[PDB]
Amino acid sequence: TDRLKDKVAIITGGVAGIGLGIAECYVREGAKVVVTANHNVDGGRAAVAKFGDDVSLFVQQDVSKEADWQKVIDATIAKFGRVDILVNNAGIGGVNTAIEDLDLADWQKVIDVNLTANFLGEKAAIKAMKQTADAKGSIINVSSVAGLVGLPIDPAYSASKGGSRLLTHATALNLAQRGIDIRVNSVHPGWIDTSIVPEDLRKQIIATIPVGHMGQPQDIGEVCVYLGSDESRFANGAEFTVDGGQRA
């Protein structure tokens, strides 16, 4: 009955909030998980303690670093022998500062983590899937509907989001044309309740949500199980939004 039986998944930013929600759903459905985080060893160790070290592994990872991708792939294969699913969930939020005041370094850091990182991950995953999973698998690029509560005014955040969306389409088709059965899809969470916020802000947030409340981390986990499993074999290069109607 386990919908992800025998699957091995890598989930970046997988030790807290949304990513932890995905990992929880994956473990529930019988998947072995490798959860990564750049600077959250405590969260990492706690997740493995929660899941059990027989079905989970924590690896420190900066997703913008090509070398950390090879590190994570190697650790996943040593521990679990294969790679079936990659969830690119790690990311940086938006800021409300003026575009003409944006330092190139701050633009570049966002592109590095929210866009280029997704490419680096897809490429690493694809190679590992050809090597260990008979050239089959599933890749999921997660990017929120909004990074800011107001108008989407953050140039770097928005650019990285639009970039990742089209990256998803192009990657799927690039593989598809060559008969490689590795699917690439994107998932777009609305506002998910992962921490406390000042009540003025929270009201603003919930005001942007037609159903009048935030979602939960496992709401994202559920659509990720669908996309990770063989149930969605014909879903490819597509976008899956779970946002309480936020962009309806």
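Numbering starts at 1 and follows the sequence shown.
Set 99-107 against 115-123 and average the Cα temperature factors; 99-107 ends up higher.
The mean C-alpha temperature factor is higher for 36-44 when 36-44 and 182-190 are set side by side.
Among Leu148, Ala172, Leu86, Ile73, the highest C-alpha B-factor in the deposited entry belongs to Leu148. Annotation for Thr168: CA B-factor lies in the lowest third of the chain's modelled residues. In the PDB entry, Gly221 places in the lowest third of its chain by CA B-factor.
Split the chain's modelled residues into thirds by C-alpha temperature factor. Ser64 is in the middle one. Split the chain's modelled residues into thirds by C-alpha temperature factor. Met214 is in the middle one. Compared with the other modelled residues of the chain, the Cα B-factor recorded for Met129 ranks in the lowest third.
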